[PDB]
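Observations on the three-dimensional arrangement
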2 protein chains.
Amino acid sequence: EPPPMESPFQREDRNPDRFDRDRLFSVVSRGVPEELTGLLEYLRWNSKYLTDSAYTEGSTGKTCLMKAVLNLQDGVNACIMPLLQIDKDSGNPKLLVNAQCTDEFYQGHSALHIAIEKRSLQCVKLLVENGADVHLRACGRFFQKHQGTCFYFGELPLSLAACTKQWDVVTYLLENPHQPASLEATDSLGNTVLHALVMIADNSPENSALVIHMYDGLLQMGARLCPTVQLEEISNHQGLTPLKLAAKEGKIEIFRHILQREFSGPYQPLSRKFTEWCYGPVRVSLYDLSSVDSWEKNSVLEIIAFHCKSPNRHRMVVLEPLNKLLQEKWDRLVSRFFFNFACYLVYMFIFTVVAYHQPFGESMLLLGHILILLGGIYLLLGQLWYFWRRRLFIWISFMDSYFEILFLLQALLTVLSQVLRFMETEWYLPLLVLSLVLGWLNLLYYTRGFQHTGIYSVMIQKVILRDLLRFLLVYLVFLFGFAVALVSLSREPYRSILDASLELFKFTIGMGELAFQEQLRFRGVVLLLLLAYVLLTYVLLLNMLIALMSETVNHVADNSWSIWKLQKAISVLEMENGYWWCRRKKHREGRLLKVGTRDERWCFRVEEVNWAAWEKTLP
Amino acid sequence: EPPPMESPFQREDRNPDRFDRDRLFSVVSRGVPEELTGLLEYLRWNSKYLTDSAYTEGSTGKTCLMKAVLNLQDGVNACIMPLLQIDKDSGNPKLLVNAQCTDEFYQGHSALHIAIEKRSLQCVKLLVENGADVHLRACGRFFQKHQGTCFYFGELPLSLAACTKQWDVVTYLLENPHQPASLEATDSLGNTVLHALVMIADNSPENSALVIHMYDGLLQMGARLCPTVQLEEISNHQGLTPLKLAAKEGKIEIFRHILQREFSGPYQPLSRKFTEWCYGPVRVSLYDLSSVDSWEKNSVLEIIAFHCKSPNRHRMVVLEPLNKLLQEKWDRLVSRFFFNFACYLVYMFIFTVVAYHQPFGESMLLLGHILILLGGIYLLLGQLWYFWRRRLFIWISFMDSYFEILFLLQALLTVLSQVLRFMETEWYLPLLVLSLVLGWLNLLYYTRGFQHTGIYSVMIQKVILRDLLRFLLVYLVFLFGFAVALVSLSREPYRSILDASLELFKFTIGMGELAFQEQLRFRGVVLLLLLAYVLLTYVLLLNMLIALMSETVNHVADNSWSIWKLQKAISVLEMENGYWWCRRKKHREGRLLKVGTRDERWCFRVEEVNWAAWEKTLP
Ligand SMILES: CCCCCCCCCC(=O)OC[C@H](COP(=O)([O-])OCCN)OC(=O)CCCCCCCCC
Ligand SMILES: CCCCCCCCCC(=O)OC[C@H](COP(=O)([O-])OCCN)OC(=O)CCCCCCCCC
Ligand SMILES: NCCOB(c1ccccc1)c1ccccc1
Ligand SMILES: NCCOB(c1ccccc1)c1ccccc1
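Residues numbered from 1 in each chain as written, not as in the entry; some residues may be left out. Chains lettered and ligands numbered in written order. Part of a larger assembly, values for the part shown. Heavy atoms only, no water. Residues with missing side-chain atoms left out of burial classes, pairs and counts.

Chain A has the name Transient receptor potential cation channel subfamily V member 2 in the PDB entry, where Rattus norvegicus is given as its organism. Here chain A is described in UniProt, under the heading Sequence similarities, as follows: "Belongs to the transient receptor (TC 1.A.4) family. TrpV subfamily. TRPV2 sub-subfamily." (UniProt positions renumbered as here; feature names shortened; annotations may be inferred.)

With that settled, consider the UniProt feature "repeat: ANK" in chain A. Residues and elements named next belong to chain A. Those places that UniProt annotates as "repeat: ANK" correspond, in this numbering, to residues 17-59, 60-106, 107-152, 153-188, 189-237 and 238-264. Span residues 17-59 is 42% helix and 0% strand, its end C-alpha atoms 27 Å apart. Within residues 107-152, the helical portion is 35% and the strand portion 0%, while the C-alpha atoms at the span's ends are 13 Å from each other. (Helix = DSSP H or I, 4+ residues; strand = E, 2+ residues; numbered from the N terminus.)

This part takes up helix α22 (residues 523-549) of chain B. Its 27 residues place the ends of α22 of chain B 38 Å apart at the C-alpha level, agreeing with the 39 Å of an ideal helix rising 1.5 Å per residue. Along α22 of chain B, the residues classified as buried are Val526, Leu527, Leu530, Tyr533, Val534, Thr537, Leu540, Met544 and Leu548 of chain B. (Expected span 1.5 Å × (residues − 1). Buried < 20%, exposed > 50% of the residue type's maximum accessible area, 1.4 Å probe, protein only.)

Right, let's talk about the relation of the copies chain B and chain A for a bit. Aligned on chain A, chain B shows an RMSD of 0.0 Å; the corresponding rotation is 90° and the shift along the axis is 0.0 Å. As the rotation angle and translation indicate, the two copies are arranged about a four-fold axis. Residue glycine 510 of chain B of chain B places its C-alpha closer to the rotation axis than any other residue of that unit, at 3.6 Å. Little of the interface of chain B is mirrored in chain A, where only 5% of its interface residues again form contacts. (Least-squares fit on C-alpha atoms. Contact = heavy atoms within 4.5 Å.)

With that out of the way, let us pick up the sheet that holds strand β1 (residues 273-279) of chain A. Residue and element names in this part refer to chain A. An order of β1-β2-β4-β3 is seen for the 4 strands of this open sheet, with the pairing classed as antiparallel. In this open sheet, the two edge strands, each paired with only one partner strand, are β1 and β3 (591-594). With strand direction ignored, the average angle separating the axes of adjacent strands in the sheet is 40°. The pairing of strand β2 (residues 282-288) with strand β4 (residues 600-609) spans 7 bridges and is classified as antiparallel. Paired with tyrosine 287 across the strands is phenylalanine 604, a residue of β4. (Pairing = 2+ DSSP bridges. Axes fitted to C-alpha atoms, helices over the stretch in contact; angles between N-to-C directions.)

Opposite the 57 residues of chain B that make contact, chain A presents 66 residues. The biggest single contributor to the side of chain B that touches chain A is helix α18 (residues 428-442) of chain B, with 8 residues. Here the side of chain B that touches chain A is built from residues that sort into 41 nonpolar, 7 polar and 9 charged. (Nonpolar A, V, L, I, M, F, W, Y, C, P; charged D, E, K, R; others polar.)

What follows concerns the side chain of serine 271 of chain A. Residues and elements named next belong to chain A. Inspection of the secondary structure assignment puts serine 271 in the loop between α12 (252-259) and β1. Judged by its relative accessible area of 0%, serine 271 is buried. Contacts of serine 271, omitting those with residues within four sequence positions, involve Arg261, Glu262, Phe263 and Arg601.

Let's shift gears to the packing of helix α15 (residues 322-356) of chain A against helix α24 (residues 557-575) of chain A. Residues and elements named next belong to chain A. Running from N to C, α15 and α24 point in directions that differ by 65°, and their axes come no closer than 9 Å. As summarised for this structure, α15 and α24 are arranged roughly perpendicular, according to the angle between their axes. The handedness of the crossing between α15 and α24 is left-handed. Of the residues in α24, those in contact with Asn323, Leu326, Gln327, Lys329, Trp330, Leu333, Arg336, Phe337 and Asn340 of α15 are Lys565, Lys568, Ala569, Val572 and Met575. The class makeup of the residues in the contact of α15 with α24 is 7 nonpolar, 3 polar and 4 charged. (Parallel < 35°, antiparallel > 145°, perpendicular 65-115°, else oblique. Left-handed = near helix turned anticlockwise from the far one by under 90°.)

Before going further, it helps to examine the nonpolar core. Soluble, globular proteins show a tendency: their nonpolar side chains are buried together. Membership of the largest hydrophobic core comes to 116 residues, with the highest contact counts inside it found for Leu24, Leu36, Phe142, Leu173, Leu218 and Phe255 of chain A together with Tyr279 of chain B. Here this core takes 7 residues from helix α10 (residues 205-225) of chain A, the largest share from any one element. Apart from the residues within four sequence positions on either side, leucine 218 of chain A is in contact with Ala162, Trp167, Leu174, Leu183, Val193, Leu194, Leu197 and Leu231 of chain A. Membership of the second largest hydrophobic core comes to 109 residues, among which are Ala161, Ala201, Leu231 and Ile258 of chain B. (Core = buried A, V, L, I, M, F, W, Y, C linked by side-chain atoms within 4.5 Å.)

Next comes the structure, spelled out in structure tokens:
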């Protein structure tokens, strides 16, 4: 187990007048500099420095200075200032202010971070004035974002202060002449201070206000300290800007504010929603499409659809300008979507004809077999190309890509069945039939193109289809357990497990032949198993109905509309790439408009009609 | 019927100037000492005392002094003080202040208790200064905790004052020089004052604040009056400390406060949650495992799992440190749990093989029969050992031990079937089959080891399985009633009750042959019974569905997670004892740490990450 950061009870790890390690740590914690005065003599006598491993705990390397700042008294510790002085006179080649832990848990932890966390501006000023680096990276396992014991604030003192909304500390760390902290400074994972605020943000409104206020103030202060730097353009090692990161992490509240950010006054160039004109309840705004339009790779639209895995994906594609941007794309692509639907209907109309009318008529059948083979190959190549593109995030959103698997599965069976027909084996007919069955089920994918049908479909396939596998797994365990019991008991009907499993399943569809069976010597006991099976399978069905019905209470119809918009969003961003055989170019959305002075942006004109909001401002 | 305590309307039970009993009780109730002045002369004339049975009601022994305190006027009665004086001059060998009732209902009731209940500090001071014992036990049936007419406050004046939050009275009873009341003082059932507050506590928050405030103040005052006494270490006749009693009675609010009690300042040694270090939303506390760890017999963990019967059991195993303590144990024992699961799967894989493949192959069957016999004996001995250990609380938590019954039942049938095979009777095959059926159903017990499967299972078996027996009891009554009717009507199909019961049941599984039957002379009337049975059995099914569906509204998913944690808690505390053939030693949890001065405790380090709570304290 990793050692604790500070412990009044547990002692630190062991692994002129004497000033050994234990008595050194005792005086610094109590905050009495009077007893510390002889430390310089002992250090001079031994020709050693406070940064030496002898004056720290070997498990972490926690120095005496870091010990001192962990027991602040009313926001200050009188022992830390003499401690730095004695270190200065000791001739330390490694200054105590810049000392860091070495443990895998608290790696990079420094005395400056402790002072920032303890909300003591006095210690923060005192350490920085003495040369405490403001770019020390606390890159330990405790500070990394993961399940369980963690506190991610970035890795920098400036980012830690921002995450604790210490407005006084961030002001000093930026404006101090001794050692200013750059806003461009970057942690080990590529996250800046703005990125850190994004990925600590929750969807709760108390913490969303914290992040939005910190994000707004730091962005506005960045315009003063570094006017030539656009802080939102810095990307992590994953290549994500703070806007893109908010999309991937699925944090709507911070995502919405950045996407619709508007500043009035001198800070206008930092805005992303430039209002254009208003007439009554009609508002027109020029939303900025920088890093939002799908024309550029790794955009926000692609990240939400294919890279985000949070349950908040459907609620993000309805925010402006994404709602209107996707609608603008959908109206341009709805003609192609129906053409794709028409081609699949023709392909499966031919599939049905060949499957049924199978042994000029022979020539039509010969052509039908050939067209099916080409159609199956075409679908197989298209689906393989889709999975090749989405190879980095397979099985991450299987609830949405399950139709793309079915199209591939039907394509594989279509091609394989034709191959078996070439081999003239009798087993080609089944595979051709299962291809026909799956494809007619795959026709339900295109219902998303119609609001009239797509909205209704969304309410259904969300949970119910995934629930049935959970009942079947127990039911099949129950089915095989009773089947062997009946077979082992009827051998002195149910001639084999396969027949016994068949008979037991018939009881579920209301066709069981629950009788004495008139033949078996153990007719009563065999009946007991059938009666027990009937009671057990109805307990399981009632167990299923109650659990499934529980989802009805919490359902909201707005979610079904939102999910349908996400389904159209995924389809648009896939068919924008054209086809596998023809990767047509992508049209850039919006128009280039000058919005200020650094300032031209690819703005997208969104018009907003809202009677309720307009009447609220009215007297 | 027990007589009333006080009655303005009903007279008390009958069973110098004259001062008979009736005129004595009249003056004391009215509170006029002027008419009482001659009482000394009458007592002197008769050479009698007020404590004599003549001056009380024979049904209870309620004395005149207890009569006086039952009619206090504005918190005081002017007659009680002269009453004690006249008793003093009467030469009473049994002082009136210490007089108690003799009725089985109000046994031990004294005048001091009445003054405490009536919230009169003036009478409380007046009686105690005259020698009223502060350790009088009111051990009547009225003061014992039971259904109906009762008021349990312990049995002592100090405990009564604590239960009525009379802060002024408890202060006096503890600090009075005349007769201080010991906090160690114990009632008839072993309960001290701290125990009394625990078992009058409700889970409501108005009364929880009452108990917590009284528990905290009395514990803190105990450190001043008796610093050398640890009041929480006193146990009842059942052997339960106040912490253990709160667990058995299932009162979370008082249980949580004691389990996580933290005091800052001089009262630190009374704490049980010693905070260690804090960094942002990360809090680390040293919870005390005294009487909590399962290493010691009759611990809190065992009491909640096996001794508590309240519905609050699942909500207690999620409180810290119990939540982390059980998780620490579970991670150490999850390797053994799967090994136990693997052994049962192998045992039932062999059971299935022998059951099916039954008349080198013969040698394998011979070995399989032998291995099943040893496996059945092993399970039989293990389950008997489990019930021997839990013999004191069988059928108290049958909802949790019902799987342990099924394992025993399957073990008994496994052994008995092999015994019958030795006898070479034909009836061994059925019992071996029912053993196979039950064991495959017993495999559902091990689903609790996986969160992925255990959580889903908990939602189902809570109510639905127990509900079906309630429908079947009426249905079987309906089944036998109609079966005899059809048989008595078809004798001029349904040749016997057994066949008639079989045919009627088929209508429930959607296989009834509801026809005119073409043979019976009373074909129309027999059809009426079948039609009536169909309507009646669907009314019962609709009755069942509506009643069962009503449970969906009030269900909370947090309960299912909590119950699963309790299920793992029971399994851990059972497999900690090793096996019946090898009772391996128990590992003590936590580490011994010095926390103060009486002070070393077996503290358990629990680390708490809570962003929402941390942000609440932030500006
Ligand atoms: C008009 C007559 C058509 C006769 C049948 C020919 C084979 C069609 C096979 C087929 O079903 O293609 C469907 C496809 C769209 O699939 P999707 O985007 O829904 O799939 C994704 C679902 N998630 O549609 C297309 O890609 C367009 C059709 C092919 C155009 C010409 C191809 C030339 C190749 C060199
Ligand atoms: C590995 C090969 C095993 C072949 C079959 C041998 C008989 C096993 C019988 C069996 O099912 O035992 C299950 C048992 C655990 O039961 P539980 O704790 O779930 O039951 C409680 C459920 N509520 O498991 C155990 O206790 C461990 C298995 C026995 C170890 C060696 C025993 C030696 C005896 C001298
Ligand atoms: N082909 C048009 C049918 O669309 B509807 C539809 C049909 C099947 C599944 C989902 C929707 C419909 C919607 C509302 C009322 C009636 C029908
Ligand atoms: N063997 C793993 C199956 O677990 B799951 C499961 C199966 C039966 C009963 C309870 C749980 C499951 C849970 C959620 C979705 C799908 C399946």
